[PDB]
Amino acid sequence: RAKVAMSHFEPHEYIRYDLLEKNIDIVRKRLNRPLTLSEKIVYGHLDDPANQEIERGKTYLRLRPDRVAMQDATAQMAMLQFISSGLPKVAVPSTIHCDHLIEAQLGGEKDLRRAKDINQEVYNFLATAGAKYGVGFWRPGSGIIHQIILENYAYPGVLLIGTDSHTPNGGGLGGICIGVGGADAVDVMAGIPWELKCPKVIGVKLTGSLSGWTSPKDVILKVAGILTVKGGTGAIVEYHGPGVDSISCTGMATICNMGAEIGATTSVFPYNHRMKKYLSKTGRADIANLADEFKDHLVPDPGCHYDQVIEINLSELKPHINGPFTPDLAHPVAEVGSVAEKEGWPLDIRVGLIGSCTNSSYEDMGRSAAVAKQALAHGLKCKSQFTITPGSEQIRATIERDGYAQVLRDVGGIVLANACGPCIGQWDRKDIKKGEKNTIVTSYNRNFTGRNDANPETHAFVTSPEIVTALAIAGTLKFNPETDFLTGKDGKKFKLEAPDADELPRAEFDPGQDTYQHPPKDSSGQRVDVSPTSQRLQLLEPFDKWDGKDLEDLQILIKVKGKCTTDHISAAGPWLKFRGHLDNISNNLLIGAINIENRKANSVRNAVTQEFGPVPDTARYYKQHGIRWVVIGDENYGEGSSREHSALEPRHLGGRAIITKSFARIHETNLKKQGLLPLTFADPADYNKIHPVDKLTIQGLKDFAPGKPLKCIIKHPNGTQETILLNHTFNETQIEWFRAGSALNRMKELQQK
């Protein structure tokens, strides 16, 4: 067909829209109905379009992704599992992005220099494993993974998977970009079909157009308050309607990004002229030209069916601020001042933080700068502390050039390295004592307990970058930028005009310094060295194969009450130091989860000793003594981040099964991948029949089968037993992972020995 390369770094890897077209046509012949846009891109990437059973919410699709992207907090364990596979080279375009391990402390260059010193061992391991297996490497300082992907790798119709739950960001350029755990990335780098449960499709019709202070972030802050954090589970969110053309390409990426907070498989927007424009300004006019010739396959079919439709009128949407400890507690900015007051949420804002992958684009920096120049024109500066993270080197170089960074420095902000930083708790915060109740407002996405600064009483609210700037200048939540007055230096009351800024640089982007490192596709005879006494890296020992028996008299390690996020199961911040060391990071296992017995975090009863202690220590004690254990959880267990450490750690410390009312998708897949049994109650009221003291037998593992429930015998202390039924969503591919001990063990059996 055309020979248009997938990116500037892979001149020989061509976009296959011909293949996409061919597969869409095979599938629509079978289904005889309109296809949504997500169905076109997803079913157009099927391994076997002619034979695949396609039922939304029901069948597992065997897909062929176009490329794999990893960031350095998850790439370590994905590459250690790739090293166990024994395979010589990755089968599809793959990149590593070093963005998670740069701690904010001093700002910019100083923080970057220090992270390069502190994290040398890790960055060295990833560059070397990258050179050897043929993975591209974006060096520290290059930018947050999703901003580098939008700028260089996402195009209309791509199917991309990434080891990070905010990989949906790339839906802002018309592709299907899905968050997975490191073991799923290994399947694709290994060349075997990736499986995904066929999604439902929620259509969101946008009407009207944005104006004034309302920005793209408000659309997804409103959708999250509507759907709630579990409302998107099992579905792709597909935006459509006349209002779509009112949003910039990075604005579309913001809305798709935070779809992660409602549990959605991903989100996507149809190819339009704002995307074409962004592709041309990022050096990819030939890809825009080819997508124009294939435009039919890059928009939804007329009259396609959504399983749920939501309609939002962009012209009536007002500025929102969500939180404090869930991203779906939504408030208009005009009322957060009074709800806070009523609820006892601290009103004075300590720190205002703009950035993260959700809101770090050129336009976000221009709109924040536009608020800040108005304050400056009245002789004001931020009352709160104010930090700014540019999403990539190209954006840092261009906002510097076009004057935005200096305005933001002059109102009192500190520009941080192009990295996650305070968003995953990589922040050396010292203005509050630990346990001090305080409020910070961010333009981030999650705001779970102790995620930004490990302080559980920090109240974090997420909003748009221009509203963080306005509230940082006022320093109080009781300020509405739309209505209220600030007092300048000169004694006059003045009002903030709504920010206006260009979506893209008028001139071209300044690319900044060189940060990509191509694999030697010649040499590749690197030895990857992992010191056997390293505290940060450790080669994996394979998990045990299933012994062929039922699981009798399992001890309950903990019965969790309430919300149990992957940040509750395997915290980040200081623990990021150990993301390549399974035994060392297992010391944070479930330390944030609330135990129903006492309502305490990290305090469970050891069954043998009858002493209450830390959860990691109690799991190690049971493991040491041969006691197999179980976790009993509530609804949406595993909400959040895709980090597979939340599944690897319970497997390492002797866990066998996790029985909940429901699971978030990526955690449930990670649990099956590591050879654990994720099971749900056939009747959620049975959660109330199980007490911490009871022992459980899971029965019927011998004829474990797709669609057949498992019998659980609850053994009460008084001799009383009760049988309940537990559902599972395993197909026969996944039952093989369980029988082998893990998915990686199974792949190694298929290597003929």
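Numbers for residues come from their place in the sequence shown, where the first is 1.
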Check: Looking at the deposited entry, does 653 to 661 or 205 to 213 carry the larger mean Cα B-factor?
Finding: 205 to 213
Next item on the list: Name the higher of the two by mean Cα B-factor in the PDB entry, 161 to 169 versus 347 to 355.
Entry: 347 to 355
Next item on the list: Tell me, please, which of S570, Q526, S642, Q555 has the highest C-alpha B factor according to the deposited entry?
Entry: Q526
Next item on the list: Quick one: which of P327, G181, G337, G412 shows the highest Cα temperature factor in the PDB entry?
Entry: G337
Notebook entry, point to check: Taking the C-alpha B-factors as the PDB entry records them, is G366 in the lowest, middle or highest third of its chain?
Noted result: middle
Note to self: Split into thirds by Cα B-factor across the chain's modelled residues, where does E55 land: lowest, middle or highest?
What the structure shows: highest
Item checked: Chain thirds of CA B-factor: placement of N23 -> middle
Next item on the list: Would you check the entry's CA temperature factor for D694 and let me know if it's in the chain's lowest, middle or highest third?
Entry: highest
Next item on the list: Would you mind ranking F125 by its C-alpha B-factor against the rest of the chain and naming the third, lowest, middle or highest?
Entry: lowest
